[PDB]
Amino acid sequence: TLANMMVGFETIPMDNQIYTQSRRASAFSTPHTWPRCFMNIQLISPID
Amino acid sequence: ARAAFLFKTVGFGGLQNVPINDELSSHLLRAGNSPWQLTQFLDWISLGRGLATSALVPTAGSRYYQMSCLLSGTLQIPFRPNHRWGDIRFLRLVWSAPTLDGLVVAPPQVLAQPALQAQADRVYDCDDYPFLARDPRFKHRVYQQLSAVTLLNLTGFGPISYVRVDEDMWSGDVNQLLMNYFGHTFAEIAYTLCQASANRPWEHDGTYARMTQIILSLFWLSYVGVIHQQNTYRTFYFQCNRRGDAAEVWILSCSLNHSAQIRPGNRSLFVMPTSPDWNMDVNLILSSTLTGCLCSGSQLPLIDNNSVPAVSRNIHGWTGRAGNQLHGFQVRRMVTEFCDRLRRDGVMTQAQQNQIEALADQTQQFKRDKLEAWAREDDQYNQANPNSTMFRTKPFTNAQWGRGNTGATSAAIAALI
Amino acid sequence: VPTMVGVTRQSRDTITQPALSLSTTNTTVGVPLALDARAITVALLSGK
Amino acid sequence: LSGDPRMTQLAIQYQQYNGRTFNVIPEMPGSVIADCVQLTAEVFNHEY
Amino acid sequence: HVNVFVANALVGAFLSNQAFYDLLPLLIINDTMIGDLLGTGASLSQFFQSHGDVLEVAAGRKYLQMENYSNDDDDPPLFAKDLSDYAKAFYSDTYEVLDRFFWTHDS
Amino acid sequence: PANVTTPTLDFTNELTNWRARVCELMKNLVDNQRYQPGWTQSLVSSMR
């Protein structure tokens, strides 16, 4: 949700093309949908 | 991911001519002039009602064998040194276009002209023809059929089945995508998956590729009796209620309190069953189609040169000096292995396993008698028509009726776990 | 994280067809409840 | 009463996203009615 | 080490007097010019565009035509090197993946 | 590509360049020595 508001100000990488940074969070109701970029904080650029 | 495309023409087993007659070719081209069609090779059968028996097509494998011989002759025309696509008729067959998407009745002057003098066992490289080299996607799509044909040609005995295991395949929501087929029969899932692969090419390490590999692995483990409700893999297993059934199909199933244990590692290999009943075996041919698609998607290791016929040894795209060894298992003996593992587990009574074995023996005797009778009919036909000689199916021996170390291979599969 | 809870009626030794059950239909292990966030937050900020 | 009256043993389990699972099976407590029934059944066979 | 692609883009911005202060941190090469560029998503699509590793644009002119040039026979040809825009070409780390990218890419 | 959900007007356009070039060509035709004399110097300034 925060990433969705942050789009165009802070950038979040998505491991899968199908799932988007603006993808509704409610779609991510399960762990298997937890993003790999989301799973590792270090993987996400602190600068991004 | 396979990067080299080449094929070798089929060699007549002591025949001086391709073992097909114009009648057989017409039957194969019942309403179509493109052999590339998968349904062209086999009329899809749903099992139980599966298995096509015909005067020209005693088995679907018989039809595929005839298709292979016809394709081997026709393909040589654009693979001739000229590589011309429409100038001459091979048995009155003319390719419609340079891409050779379709074939047509030979022109009357061309019909008068002689057919292409195809040479047996001609190994060819796909890149040699320019139009195919021009379209990579087209070339890869055509290569699926070429790979299946080459694999059948490569096996002097029964065809091997490629099985690999990856836990990373378990990882992912693609597992949930596989779970979309939960409660589906193996055959139904295979037809849909094959259709999806036909729809588009996939990554050699593609999520679809891992899923197909998992499906094949589960089916084979279930077939050997390797995986059961009492031996579930993560609780996921293909389950067939009755072994030896006309269309017994392991169906994705879940068992609680019976999780199986698997050694960590990655294992990929091909096993070729000794029994000749595979012609009437829908699962084996479906597995062959999936394995061929898998080979088009990814370049597997070259199989052992000793594991391959000497003439075909050191095939650049298929045979290597060090490679996997084919595993030969009689279908009846393998069903016995499935029963024995369950008996050893104690899930089923010894009497029940014996009853299953008796049913299998009865089915095998009936099928063997029918195949031997077809063999006599074919020899009689060949004597009757030297001018129009043809083979309904690649010739078979009573030797194939034997187990051929099915038990040794079963121990090997158990060791593979 | 647990995904779901299921029940079995037969003894372990028996081998039988797995059939549809009520628990399987609901992915959620527990009954889902949606409530007014503002009211709860206000209560959390207002206790004496 | 939904079905499966012929159930040898009840068992219940839940599984994790990693796939680990927990199964709970209770031990059957006997019914006085059943033992009395067996005795009466033998008596009926003698006194039918 | 600093990003050569970044250095060249910064030269272009300064010449057009555009602000590259935002890209100044991006200027230092951290590990892979390709990796660093793949990470960056800022600026106009026109200013610089990379599809993953692949990026298609024009490199710097080999020759600069001056005002005196009359396209004379004695004048040396610049073979389109002088052209501010001559072509856009896709740079990428691996040829096989590049071809896969170009499987349906216009040729 | 545009970088904002609320972009600001940009004149660095091929169409804008085309419009400017066409105007400049016309202005030069106006500044033609054999064409400018007829047009009033005030009209010339206005047209430019």
# chains A, B, ... in the order shown; residues from 1 in each chain; ligands from 1
>>> closest_atom_pairs(of="chain B", to="chain E", cutoff="12 Å", atoms="only C-alpha atoms", output="tab-separated table")
residue	atom	partner	partner_atom	distance
B:1	CA	E:96	CA	11.0
B:3	CA	E:96	CA	10.0
B:134	CA	E:103	CA	11.0
B:135	CA	E:103	CA	9.0
B:136	CA	E:103	CA	7.5
B:137	CA	E:103	CA	7.6
B:138	CA	E:103	CA	11.0
B:140	CA	E:103	CA	11.8
B:201	CA	E:103	CA	11.4
B:202	CA	E:100	CA	11.5
B:203	CA	E:100	CA	10.3
>>> select_by_dssp(residues="chain C", states="helix (DSSP H, G or I)", output="list in words")
residues 22, 23, 24, 25, 37, 38, 39, 40, 41, 42, 43, 44 and 45 of chain C
>>> atom_distance(atom1="atom CA of residue 63 of chain B", atom2="atom CA of residue 42 of chain B")
6.8 Å
>>> interface_residues(of="chain A", to="chain B", cutoff="10 Å", atoms="only C-alpha atoms", output="ChimeraX atom specification")
/A:30-34
>>> interface_residues(of="chain F", to="chain E", cutoff="7 Å", atoms="only C-alpha atoms", output="PDB file with N, CA and C atoms, in the first residue's frame")
ATOM      1  N   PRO F   1       9.398   8.721 -23.013  1.00  0.00           N
ATOM      2  CA  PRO F   1       8.407   8.685 -21.926  1.00  0.00           C
ATOM      3  C   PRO F   1       8.310   9.886 -20.973  1.00  0.00           C
ATOM      4  N   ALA F   2       7.092  10.220 -20.526  1.00  0.00           N
ATOM      5  CA  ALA F   2       6.894  11.311 -19.537  1.00  0.00           C
ATOM      6  C   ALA F   2       7.217  10.802 -18.125  1.00  0.00           C
ATOM      7  N   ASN F   3       7.762  11.661 -17.259  1.00  0.00           N
ATOM      8  CA  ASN F   3       8.201  11.174 -15.922  1.00  0.00           C
ATOM      9  C   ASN F   3       7.191  11.475 -14.803  1.00  0.00           C
TER      10      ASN F   3
END
>>> atom_distance(atom1="atom CA of residue 6 of chain A", atom2="atom CA of residue 29 of chain A")
20.6 Å
>>> interface_residues(of="chain A", to="chain E", cutoff="10 Å", atoms="only C-alpha atoms", output="mmCIF file with C-alpha atoms, in the first residue's frame")
data_model
loop_
_atom_site.group_PDB
_atom_site.id
_atom_site.type_symbol
_atom_site.label_atom_id
_atom_site.label_comp_id
_atom_site.auth_asym_id
_atom_site.auth_seq_id
_atom_site.Cartn_x
_atom_site.Cartn_y
_atom_site.Cartn_z
ATOM 1 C CA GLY A 8 6.648 8.165 -8.874
ATOM 2 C CA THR A 11 10.863 3.035 -6.734
ATOM 3 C CA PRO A 13 11.617 -3.423 -7.951
ATOM 4 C CA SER A 45 18.044 -0.430 -2.938
ATOM 5 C CA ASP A 48 15.564 3.544 -4.542
#
>>> select_by_dssp(residues="segment 32-106 of chain E", states="strand (DSSP E)", output="NGL selection string")
:E and (50-51 or 54-57 or 89-91)
>>> write_last_selection(atoms="N, CA and C atoms", output="mmCIF file, in the first residue's frame")
data_model
loop_
_atom_site.group_PDB
_atom_site.id
_atom_site.type_symbol
_atom_site.label_atom_id
_atom_site.label_comp_id
_atom_site.auth_asym_id
_atom_site.auth_seq_id
_atom_site.Cartn_x
_atom_site.Cartn_y
_atom_site.Cartn_z
ATOM 1 N N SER E 50 16.986 2.043 -21.610
ATOM 2 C CA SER E 50 17.564 0.678 -21.669
ATOM 3 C C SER E 50 16.476 -0.327 -21.299
ATOM 4 N N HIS E 51 16.236 -1.316 -22.159
ATOM 5 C CA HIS E 51 15.275 -2.389 -21.802
ATOM 6 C C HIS E 51 16.118 -3.419 -21.068
ATOM 7 N N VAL E 54 19.696 -4.428 -22.338
ATOM 8 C CA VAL E 54 19.650 -3.897 -23.729
ATOM 9 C C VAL E 54 19.357 -2.399 -23.706
ATOM 10 N N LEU E 55 20.124 -1.612 -24.458
ATOM 11 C CA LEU E 55 19.806 -0.165 -24.578
ATOM 12 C C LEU E 55 20.157 0.275 -26.004
ATOM 13 N N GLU E 56 19.217 0.898 -26.723
ATOM 14 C CA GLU E 56 19.480 1.276 -28.138
ATOM 15 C C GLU E 56 19.490 2.797 -28.280
ATOM 16 N N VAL E 57 20.628 3.359 -28.688
ATOM 17 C CA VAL E 57 20.771 4.839 -28.830
ATOM 18 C C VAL E 57 21.991 5.088 -29.722
ATOM 19 N N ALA E 89 21.457 1.643 -31.417
ATOM 20 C CA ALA E 89 21.841 0.212 -31.420
ATOM 21 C C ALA E 89 21.727 -0.345 -30.005
ATOM 22 N N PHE E 90 21.342 -1.613 -29.865
ATOM 23 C CA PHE E 90 21.072 -2.150 -28.507
ATOM 24 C C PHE E 90 22.298 -2.807 -27.876
ATOM 25 N N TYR E 91 22.818 -2.203 -26.807
ATOM 26 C CA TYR E 91 23.967 -2.798 -26.080
ATOM 27 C C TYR E 91 23.440 -3.755 -25.012
#
>>> closest_residue(among="B:240, B:94, B:347, B:133", to="chain C", atoms="only C-alpha atoms")
B:347
>>> atom_distance(atom1="atom CA of residue 69 of chain B", atom2="atom CA of residue 10 of chain B")
6.9 Å
>>> interface_residues(of="chain D", to="chain B", cutoff="12 Å", atoms="only C-alpha atoms", output="list in words")
residues 10, 11, 12, 13, 14, 15, 16, 17, 18, 19, 20, 21, 22, 23, 24 and 25 of chain D
>>> closest_residue(among="C:10, C:17, C:41, C:27", to="chain D", atoms="only C-alpha atoms")
C:10
>>> residues_around(residues="residue 44 of chain F", least_positions_apart="6", cutoff="12 Å", atoms="only C-alpha atoms", output="list in words")
residues 26, 27, 28, 29, 30, 31, 32, 35, 36, 37 and 38 of chain F
>>> closest_residue(among="D:28, D:7, D:39, D:34", to="chain C", atoms="only C-alpha atoms")
D:7
>>> decode(residues="chain A", atoms="C-alpha atoms", output="mmCIF file, in the first residue's frame")
data_model
loop_
_atom_site.group_PDB
_atom_site.id
_atom_site.type_symbol
_atom_site.label_atom_id
_atom_site.label_comp_id
_atom_site.auth_asym_id
_atom_site.auth_seq_id
_atom_site.Cartn_x
_atom_site.Cartn_y
_atom_site.Cartn_z
ATOM 1 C CA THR A 1 0.000 0.000 0.000
ATOM 2 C CA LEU A 2 2.844 2.381 0.928
ATOM 3 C CA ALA A 3 4.658 1.448 -2.319
ATOM 4 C CA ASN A 4 1.437 2.160 -4.260
ATOM 5 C CA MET A 5 1.221 5.688 -2.752
ATOM 6 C CA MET A 6 5.025 6.075 -3.236
ATOM 7 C CA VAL A 7 4.942 5.279 -6.994
ATOM 8 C CA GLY A 8 6.648 8.165 -8.874
ATOM 9 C CA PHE A 9 8.565 9.231 -5.732
ATOM 10 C CA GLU A 10 10.331 6.079 -4.462
ATOM 11 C CA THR A 11 10.863 3.035 -6.734
ATOM 12 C CA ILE A 12 10.155 -0.614 -5.758
ATOM 13 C CA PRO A 13 11.617 -3.423 -7.951
ATOM 14 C CA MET A 14 9.257 -6.325 -8.825
ATOM 15 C CA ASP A 15 10.737 -9.858 -9.319
ATOM 16 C CA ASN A 16 7.684 -10.889 -11.453
ATOM 17 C CA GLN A 17 6.344 -8.838 -14.430
ATOM 18 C CA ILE A 18 2.775 -10.143 -13.741
ATOM 19 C CA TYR A 19 2.766 -8.582 -10.235
ATOM 20 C CA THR A 20 3.070 -4.756 -10.309
ATOM 21 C CA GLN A 21 4.234 -2.120 -7.757
ATOM 22 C CA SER A 22 0.645 -0.736 -8.021
ATOM 23 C CA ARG A 23 -0.814 -4.276 -7.707
ATOM 24 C CA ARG A 24 -3.541 -4.229 -5.027
ATOM 25 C CA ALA A 25 -2.045 -5.437 -1.709
ATOM 26 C CA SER A 26 -5.185 -7.549 -1.045
ATOM 27 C CA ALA A 27 -4.150 -9.696 -4.041
ATOM 28 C CA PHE A 28 -1.063 -10.515 -1.916
ATOM 29 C CA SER A 29 -3.140 -12.383 0.708
ATOM 30 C CA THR A 30 -0.600 -15.290 0.832
ATOM 31 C CA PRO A 31 3.140 -15.897 1.596
ATOM 32 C CA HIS A 32 3.955 -17.472 -1.811
ATOM 33 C CA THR A 33 3.011 -14.063 -3.296
ATOM 34 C CA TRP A 34 5.430 -12.263 -0.937
ATOM 35 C CA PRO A 35 7.833 -10.468 -3.367
ATOM 36 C CA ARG A 36 11.509 -11.584 -3.461
ATOM 37 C CA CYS A 37 12.390 -7.868 -3.643
ATOM 38 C CA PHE A 38 10.030 -7.463 -0.645
ATOM 39 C CA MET A 39 11.502 -10.588 1.066
ATOM 40 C CA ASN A 40 15.048 -9.163 1.187
ATOM 41 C CA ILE A 41 15.300 -5.539 2.429
ATOM 42 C CA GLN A 42 18.960 -5.491 1.292
ATOM 43 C CA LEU A 43 17.865 -6.636 -2.206
ATOM 44 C CA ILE A 44 15.746 -3.453 -2.466
ATOM 45 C CA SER A 45 18.044 -0.430 -2.938
ATOM 46 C CA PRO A 46 17.872 1.807 0.177
ATOM 47 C CA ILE A 47 18.537 4.645 -2.331
ATOM 48 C CA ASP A 48 15.564 3.544 -4.542
#
